[PDB]
Amino acid sequence: XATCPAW
Amino acid sequence: XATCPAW
Amino acid sequence: XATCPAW
Amino acid sequence: XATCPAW
Amino acid sequence: XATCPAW
Amino acid sequence: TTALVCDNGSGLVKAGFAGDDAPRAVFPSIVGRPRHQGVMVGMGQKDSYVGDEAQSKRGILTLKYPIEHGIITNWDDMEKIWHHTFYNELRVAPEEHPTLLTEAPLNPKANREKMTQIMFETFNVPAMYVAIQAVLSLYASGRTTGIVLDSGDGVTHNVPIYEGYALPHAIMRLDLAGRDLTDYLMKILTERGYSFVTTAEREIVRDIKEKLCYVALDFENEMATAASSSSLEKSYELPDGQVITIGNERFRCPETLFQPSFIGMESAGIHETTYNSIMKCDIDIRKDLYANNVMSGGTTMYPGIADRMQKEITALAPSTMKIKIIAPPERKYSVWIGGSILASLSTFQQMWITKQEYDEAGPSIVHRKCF
Amino acid sequence: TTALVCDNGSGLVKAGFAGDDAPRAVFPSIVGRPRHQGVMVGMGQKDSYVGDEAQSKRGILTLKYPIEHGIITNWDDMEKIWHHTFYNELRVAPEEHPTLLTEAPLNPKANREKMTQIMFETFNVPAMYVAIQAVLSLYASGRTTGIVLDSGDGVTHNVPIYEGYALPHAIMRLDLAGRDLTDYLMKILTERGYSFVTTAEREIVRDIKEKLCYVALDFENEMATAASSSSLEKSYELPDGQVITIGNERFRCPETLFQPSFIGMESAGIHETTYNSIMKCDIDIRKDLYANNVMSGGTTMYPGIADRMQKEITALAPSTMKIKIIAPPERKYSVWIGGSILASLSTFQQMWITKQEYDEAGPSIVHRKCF
Amino acid sequence: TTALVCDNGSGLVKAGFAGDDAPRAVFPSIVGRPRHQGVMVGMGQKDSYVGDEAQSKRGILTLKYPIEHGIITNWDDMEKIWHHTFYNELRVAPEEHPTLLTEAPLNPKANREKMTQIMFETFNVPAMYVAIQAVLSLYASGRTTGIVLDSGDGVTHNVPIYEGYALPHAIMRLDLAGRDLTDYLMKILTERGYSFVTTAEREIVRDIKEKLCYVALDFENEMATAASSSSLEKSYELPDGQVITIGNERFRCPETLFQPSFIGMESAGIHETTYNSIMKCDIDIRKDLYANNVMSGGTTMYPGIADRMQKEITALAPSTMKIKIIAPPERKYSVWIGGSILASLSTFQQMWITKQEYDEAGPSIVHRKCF
Amino acid sequence: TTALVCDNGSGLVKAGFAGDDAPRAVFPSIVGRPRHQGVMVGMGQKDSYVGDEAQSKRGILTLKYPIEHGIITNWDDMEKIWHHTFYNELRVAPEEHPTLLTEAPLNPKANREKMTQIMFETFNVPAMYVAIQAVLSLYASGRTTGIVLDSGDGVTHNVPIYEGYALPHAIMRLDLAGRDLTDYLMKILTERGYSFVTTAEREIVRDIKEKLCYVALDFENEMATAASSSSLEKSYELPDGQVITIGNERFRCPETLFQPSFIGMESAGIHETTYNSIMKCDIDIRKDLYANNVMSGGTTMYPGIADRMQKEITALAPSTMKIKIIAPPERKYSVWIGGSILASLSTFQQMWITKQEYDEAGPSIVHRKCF
Amino acid sequence: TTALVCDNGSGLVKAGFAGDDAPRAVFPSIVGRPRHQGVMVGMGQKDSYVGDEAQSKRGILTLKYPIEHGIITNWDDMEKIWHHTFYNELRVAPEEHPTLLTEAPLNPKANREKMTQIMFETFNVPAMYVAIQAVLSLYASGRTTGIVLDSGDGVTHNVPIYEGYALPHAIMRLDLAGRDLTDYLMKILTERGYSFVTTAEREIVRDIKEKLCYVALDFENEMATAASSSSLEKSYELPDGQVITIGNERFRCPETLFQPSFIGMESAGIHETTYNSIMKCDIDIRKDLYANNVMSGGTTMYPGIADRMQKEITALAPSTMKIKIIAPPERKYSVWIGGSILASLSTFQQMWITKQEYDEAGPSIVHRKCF
Ligand SMILES: Nc1ncnc2c1ncn2[C@@H]1O[C@H](COP(=O)(O)OP(=O)(O)O)[C@@H](O)[C@H]1O
Ligand SMILES: Nc1ncnc2c1ncn2[C@@H]1O[C@H](COP(=O)(O)OP(=O)(O)O)[C@@H](O)[C@H]1O
Ligand SMILES: Nc1ncnc2c1ncn2[C@@H]1O[C@H](COP(=O)(O)OP(=O)(O)O)[C@@H](O)[C@H]1O
Ligand SMILES: Nc1ncnc2c1ncn2[C@@H]1O[C@H](COP(=O)(O)OP(=O)(O)O)[C@@H](O)[C@H]1O
Ligand SMILES: Nc1ncnc2c1ncn2[C@@H]1O[C@H](COP(=O)(O)OP(=O)(O)O)[C@@H](O)[C@H]1O
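Residue numbers (the deposited numbering), protein chains in the order written: chain F, 1 to 7; chain G, 1 to 7; chain I, 1 to 7; chain H, 1 to 7; chain J, 1 to 7; chain B, 5 to 375; chain A, 5 to 375; chain D, 5 to 375; chain C, 5 to 375; chain E, 5 to 375.
Shown next, in the form of structure tokens:
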């Protein structure tokens with residue numbers, strides 16, 4: 001959900 | 001040289 | 001029991 | 001220098 | 001000075 | 005009543021019955037949809053294709069993966085895949101049997117919680133359970149100590165275990181994967197004049213990687229050998245009918261596992277992560293861990309990978325002790341193998357989660373029971 | 005001729021002149037070096053950056069700390085930092101003035117001995133001296149008895165002093181630190197979907213900790229309050245432009261100072277160490293130590309930390325006596341404050357180490373003079 | 005001794021001297037040969053025509069391009085064009101001056117290697133050098149950060165640069181071109197009764213495109229406006245003397261840059277490629293890249309293209325930050341402008357390749373020196 | 005019916021049958037419990053470990069001593085140890101045989117009284133008896149006069165005996181121990197960079213002490229010899245595989261028996277206590293006590309300890325008389341040796357305590373009978 | 005010109021002017037010196053402390069008595085105490101006034117001879133005189149016959165006097181003291197778990213003795229009363245803040261004055277010494293001595309001591325005669341009271357020792373004049 005782009 | 005057609 | 005610390 | 005890891 | 005121990 | 009063992013990794017999906025030595029269903033997890041226009045009327049059509057059938061017709065469809073890093077991104081594509089396994093590929097009723105599912109160590113909480121509702125509410129199935137894909141590698145070996153290493157395709161990680169006691173402050177997780185090795189290869193081949201840019205073109209780049217790639221024991225002299233002599237230069241044909249000649253990129257692609265700077269990711273490497281995992285442990289149980297290095301990833305199948313790890317750690321360990329890397333030949337299905345043992349085990353029968361337990365608390369019961 | 009007072013802790017570096025109430029140079033101690041490739045020609049480049057300038061450009065560099073636990077690990081990075089203070093940040097000649105340096109209580113011998121050669125041989129500076137960072141806290145209070153407690157970022161420790169007589173068989177040192185609290189926080193945030201893994205990503209995790217964290221007076225009901233009501237749940241934005249929502253991890257991170265089992269380090273805690281330090285002392289001077297607990301660490305700035313230590317020790321002390329924790333509001337620079345007093349002091353002028361004393365004996369003179 | 009700056013793109017060929025603000029030779033790169041039979045004797049004939057002369061007599065010849073995608077396809081036609089520039093169009097000796105050539109980012113290796121032999125062996129010319137056509141756009145702006153976007157006629161691509169450090173894992177290249185926009189237009193005009201099928205007919209279809217085409221800010225209401233009202237319907241005459249009436253195909257042709265499905269190429273588009281290029285970068289230097297979008301392609305000259313990119317990215321960026329697209333009015337020759345600065349630069353004079361360097365190693369020296 | 009002889013000192017526990025020359029069970033007295041989490045199911049687990057088994061697995065457990073100074077601190081841990089000896093290590097029925105236990109001279113009353121109930125009520129055992137661990141050293145020598153000195157690990161003390169008549173106003177007890185010598189050693193080693201802080205780390209500091217330590221005959225010149233010449237500097241390896249180098253701390257650790265100010269305990273020393281014990285005696289039987297100094301402690305095994313006591317007392321005695329320190333080579337088990345003689349002795353058979361005697365008076369019978 | 009009266013017993017030191025009813029300076033005679041290390045600089049320090057100031061800071065110092073049995077052991081500590089009285093505590097010039105000193109009956113000769121030089125040579129003081137501390141008790145009563153008994157803290161003794169004629173062949177001296185009663189008490193308290201072993205710990209054992217101790221009239225039934233009923237069991241707190249419970253040792257400590265075998269000293273007792281002193285006298289003046297038993301020791305202050313001496317001697321005297329023990333309530337300062345009378349007496353003025361008498365003979369004049 002932040003800097004990952006799958007989170 | 002493969003699938004392009006200029007390579 | 002006083003000043004030791006096993007008594 | 002042994003078990004720390006900065007010593 | 002003999003058998004006491006302050007003499 | 006026999007339990008069901010279902011493994012769902014990134015890529016291949018494996019399933020079977022309990023009490024067996026080999027699975028029955030192995031197929032990739034892809035969802036495809038067409039993109040051109042239909043003309044002819046009399047044919048029977050479908051809006052999507054799921055199993056191996058979508059692999060046969062890749063010249064039309066647009067392929068799509070649901071799982072990216074071990075995280076469920078699209079839930080509606082996931083329900084089609086589980087529906088495909090329970091009915092079409094394998095034939096069973098859902099409400100007859102209990103199931104058993106596997107996950108990753110440090111994924112977030114909502115990943116292992118939304119999948120509780122689906123296995124209870126929309127599938128009326130009793131007695132599910134969730135495991136971790138590092139404990140299940142030791143049951144295939146039958147040991148009780150050691151340190152594991154599984155990569156596969158999603159993530160690489162390692163968990164140290166001593167005498168049945170796990171050490172939670174020593175788990176290391178690295179996001180370098182298997183599909184990142186595919187994507188770096190199709191960048192290097194543009195230096196000779198080959199170009200593969202489509203989601204359909206990607207799978208014939210994967211098939212090159214599995215056939216002719218190796219991990220060299222040295223790196224500097226290999227760049228000088230192949231630059232002078234034309235000895236290791238081989239060839240390969242593709243479904244167009246042409247000939248592709250590949251040399252000097254055979255060993256250069258798996259070298260990013262030892263130097264991740266080629267992508268640009270700044271990290272340590274696959275060998276310093278294993279060394280720092282032992283160093284964060286105690287001082288008295290280090291000796292039983294240098295002699296037990298099991299290794300059971302799907303990516304591990306490159307030739308010459310076992311002798312490379314022998315040479316690297318001895319430069320870091322002190323000069324007295326002894327190292328030993330264990331590599332069984334059937335180390336691809338070993339996560340499914342350990343799942344077969346724990347399901348048919350007698351003591352395990354008090355660790356299930358009944359349906360009444362879900363009605364008392366709800367979907368937050370899974371953080372309490374299983375771990 | 006005015007003396008120089010230089011404090012070099014782990015992290016921030018503080019310096020100034022003697023006879024003053026506030027320092028002039030406050031900046032972190034980081035050495036960075038680039039990692040990408042240079043392309044454009046006309047710019048003027050440097051191989052490294054030292055002061056606050058390396059903090060401004062963190063999107064390229066790889067940051068690095070020289071000091072880890074209060075021990076100098078890399079000497080070549082240390083000479084760049086002392087050269088940066090004497091010339092660039094503060095402007096002075098080295099050979100004009102005497103200096104004054106501070107250390108830790110139980111560091112090994114070669115740490116306070118290699119730094120004698122650098123302050124004499126490569127810097128032609130007369131009259132240095134080495135102190136201990138617990139005595140210097142009492143001069144800021146002006147008292148003459150009591151027990152101190154300084155943590156900061158390297159190490160936490162405490163020294164009992166009565167009437168100007170120190171008790172060497174009662175000093176306790178614990179290696180739980182400040183940077184270990186940063187590293188445990190970025191492990192907990194992966195339970196919602198946040199991931200910060202880079203040396204550059206570390207500093208925006210530190211900045212969250214300083215703004216919204218508190219030490220709760222109770223622990224068990226706080227886990228039941230925040231699980232039911234959504235009251236203490238706040239938000240924060242980051243330099244990407246997005247929004248982060250944090251609740252239940254605000255108080256859970258500073259609880260490791262009272263239960264160190266969460267890391268895995270097996271020890272006692274910050275309150276039983278203070279209780280066992282008084283108990284190893286005599287029986288007649290315990291009463292003057294329960295009424296004097298000064299407390300001057302950099303880590304001490306959490307809200308609600310003074311009322312927590314009131315409640316804990318009264319469960320261990322007998323029911324008659326009286327406890328009192330003293331906390332001045334400017335308790336961050338207090339180690340520099342006491343250094344300003346002792347330099348301008350009149351009696352002190354026979355305690356310097358002249359340059360001729362080094363030529364007679366050598367670098368082993370420091371174990372005799374200062375203590 | 006003044007250096008020579010030669011740009012050879014797909015289509016137009018530009019050249020001039022160093023230290024100037026405008027080139028001197030601008031002409032297309034076409035090689036034509038006749039196809040009918042000669043009858044009259046007294047005239048003087050030639051087998052081929054090269055420069056603007058082949059453009060004047062297109063009613064007989066068969067035109068031919070040497071470069072297709074940025075790749076030299078036919079070498080014998082290329083030697084006629086370089087011979088035409090050094091002697092006929094511009095008058096110079098080759099052996100007197102050094103040269104400077106430009107290329108594309110991800111072309112294969114043999115393209116930039118066969119052109120080393122021609123500039124040394126058959127043309128006795130010292131001190132050549134090869135650059136990249138994205139770095140040279142920043143010198144025309146004078147900045148030192150930002151992200152570029154050049155399309156022209158061969159290929160479209162973009163390179164992010166921060167503080168003189170390029171990021172090699174973020175370069176994106178797309179093969180949608182300028183001549184593909186010409187070829188799609190002459191397919192649409194057959195819906196009214198116009199047919200242009202010859203290599204000579206192609207150039208009067210290009211000349212329609214440059215005069216009356218625009219990029220609409222919206223797409224759905226424009227299809228409903230022009231279907232009801234006959235307002236934007238204009239006219240044009242051709243060298244036969246007739247009248248052509250064109251409406252509804254004016255804006256419909258440049259819409260393939262935003263939806264490439266109209267050709268059938270499956271890709272993302274010109275705006276999602278720029279968004280994914282920033283997203284693959286770091287987290288700390290994204291803010292300086294949303295405020296610096298230079299844009300210097302030859303294809304960029306459509307009216308209404310700057311306001312369209314303002315509207316699109318704000319639907320993808322978060323709601324706080326600020327975007328800014330920079331468009332200088334003389335953005336057509338800007339690749340030649342930056343070539344004039346770097347040649348007359350003082351520091352640059354150690355970056356040439358002398359003739360003795362070629363005699364030591366050979367044609368593989370170019371992969372080491374320049375990059 | 006043979007009696008049982010059980011010695012339970014601080015640390016090692018020794019036991020055997022009557023009428024023998026050597027014991028059969030020697031093992032430390034430690035109770036350990038785990039602290040990590042269990043994962044693997046199929047293993048068989050225990051909550052605690054008692055004998056030598058807890059020593060083998062010290063990398064998990066938390067070790068714990070029941071006895072601190074010769075005083076039973078935790079009774080529930082003591083019942084596990086006596087249950088381990090009567091059944092597992094040695095195999096016997098409890099109700100078949102009489103027992104015999106040993107104590108310290110000036111411990112409080114409730115220590116030798118709670119252990120009466122356990123040997124009668126929960127263990128149905130007849131005929132127990134309690135002795136004193138200074139009388140039992142003379143039976144191993146066979147003499148009838150002299151002065152003893154036993155230290156071991158709990159406490160050091162000395163009792164003067166003449167012709168079978170003990171002198172109760174001359175007994176001296178000092179609380180300097182054996183485990184205090186271990187704890188001072190691990191403080192000194194932090195001056196070179198070694199740090200051992202865990203209950204598990206303590207036992208590899210004990211093992212250094214037993215191998216290379218000696219008591220020097222002089223102290224001042226030894227500090228000047230080892231500071232100039234590198235002659236007595238030796239080395240040692242640890243179970244990690246590394247090398248430790250120790251010099252100048254070999255003799256410096258047992259010097260606290262002669263100067264107890266290094267800990268901070270203010271007392272006299274091990275030689276002035278023996279001198280003041282003779283001086284408090286009479287004037288006519290001093291001559292038979294200077295010639296009989298038996299010495300049978302477990303701590304006495306340092307090399308060079310017998311020649312040091314020769315040199316010290318002659319500086320205090322008058323110049324005419326003769327001193328003689330007796331040191332048998334098997335002076336470690338000598339407290340068990342004297343217990344074997346007194347049990348098989350014929351006159352002793354009226355000194356037991358029958359079970360009917362406990363039913364008449366109660367647990368206060370032990371202060372009357374035995375002394 | 006008023007004379008000075010100085011009493012210096014073992015323990016307390018008393019002084020004042022002549023012609024008064026109460027002294028002015030009462031303080032113990034202790035010399036203390038520090039033992040830890042000084043750290044803080046700005047304080048003002050002293051090497052030793054003498055008066056009541058050394059009593060206030062006992063947590064650091066090592067206390068020391070100069071006088072042991074009535075014999076000056078260390079002369080250098082004695083000169084500090086006399087210097088403290090003449091200047092600091094009491095303010096006077098030494099050369100202005102005559103002095104008056106007291107001693108013990110059978111101390112050796114050099115004790116009363118070295119103190120002649122100090123009162124003449126280093127203190128220029130005229131007219132000293134030495135008395136005996138048994139004659140001075142009768143002046144406080146005003147009688148002229150009787151037998152005295154003074155113990156205090158050094159020695160106990162008794163001198164019979166009839167009609168102003170002393171009987172030198174009847175003086176009895178016993179070395180049982182007051183500090184020996186303190187030392188036996190801190191041996192008995194280790195039977196419950198209390199341990200006080202330091203010179204600083206000794207004074208809080210003295211303070212227990214003065215508050216709750218009594219002399220029982222019978223001994224055998226008191227051992228049976230307190231063993232059955234818990235009636236006389238009291239409590240006391242100490243400066244740590246804890247609670248001490250003492251029963252059965254209240255009366256058991258002063259019973260050694262009647263049976264000295266508990267220490268081990270073989271003698272008669274305090275009542276048979278008084279009976280044998282009368283029996284060695286004549287036959288005609290025994291009747292006036294049974295009716296006059298004055299009793300003026302500092303140790304005499306125990307409750308119940310007067311009724312005990314009534315009961316004991318009537319078992320030894322014949323059945324006709326009458327006994328009577330006299331005990332004034334202010335019997336503590338009575339040795340100073342008699343010193344005030346004899347100094348202000350008119351006939352006494354020819355008994356001084358002038359300074360010229362010392363210059364004629366020397367220090368051996370004191371055995372001739374005073375007696
Ligand atoms: N012979 C091989 N050599 C190298 N890589 C392989 C080989 N066979 C399979 N792989 C890799 O294994 C990956 C998936 O393996 P596997 O671990 O079975 O699946 P998962 O990762 O889902 O558990 C594929 O991405 C493929 O790249
Ligand atoms: N407001 C705050 N709350 C909690 N911690 C803080 C705060 N401000 C600073 N710190 C901590 O103080 C540490 C360093 O403080 P300081 O003691 O001044 O430096 P040093 O430890 O080098 O002497 C930093 O690591 C930071 O974590
Ligand atoms: N006014 C215009 N509007 C749209 N396209 C144009 C215009 N002028 C030129 N072009 C396009 O620019 C292309 C070549 O431009 P340029 O970038 O200068 O050459 P190159 O691509 O070789 O560098 C031509 O194919 C033409 O289609
Ligand atoms: N070779 C040795 N040198 C020095 N100390 C020793 C040696 N062997 C044993 N010890 C000490 O003896 C202590 C216990 O000895 P022992 O007297 O047998 O046990 P206990 O004191 O319980 O009777 C241990 O703490 C150990 O420190
Ligand atoms: N209330 C009391 N009960 C018992 N003993 C006492 C009491 N008060 C004082 N003493 C004892 O008197 C001793 C000294 O008394 P004193 O005779 O005045 O001094 P000195 O013996 O020097 O003349 C002290 O050692 C103390 O033990």
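Quick reminder that beta carbons are idealized off the backbone N, C-alpha and C, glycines included.
Can you tell me which of the three DSSP states residue i falls into?
{"i": "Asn252/D", "result": "coil"}
{"i": "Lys50/D", "result": "coil"}
{"i": "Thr194/C", "result": "helix"}
What separation, rounded to the nearest whole angstrom, lies between the Cα atoms of residue i and residue j?
{"i": "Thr106/A", "j": "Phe375/A", "result": "12 Å"}
Quick one: give me the first and last residue of the alpha helix (DSSP H) that residue i is part of.
{"i": "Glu316/D", "result": "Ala310 to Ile317"}
For a contact meaning CB atoms closer than 8 Å, what does residue i contact in chain E?
{"i": "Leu171/A", "result": "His40"}
Quick one: which chain A residues come within Cβ less than 7 Å of residue i?
{"i": "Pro70/B", "result": "Those do not exist, as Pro70/B stays about 17 Å from chain A at its closest Cβ, beyond 7 Å."}
Taking C-beta pairs closer than 7 Å, name the residues in chain D that residue i reaches, listed in chain order.
{"i": "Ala6/G", "result": "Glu72, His73, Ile75 and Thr77"}
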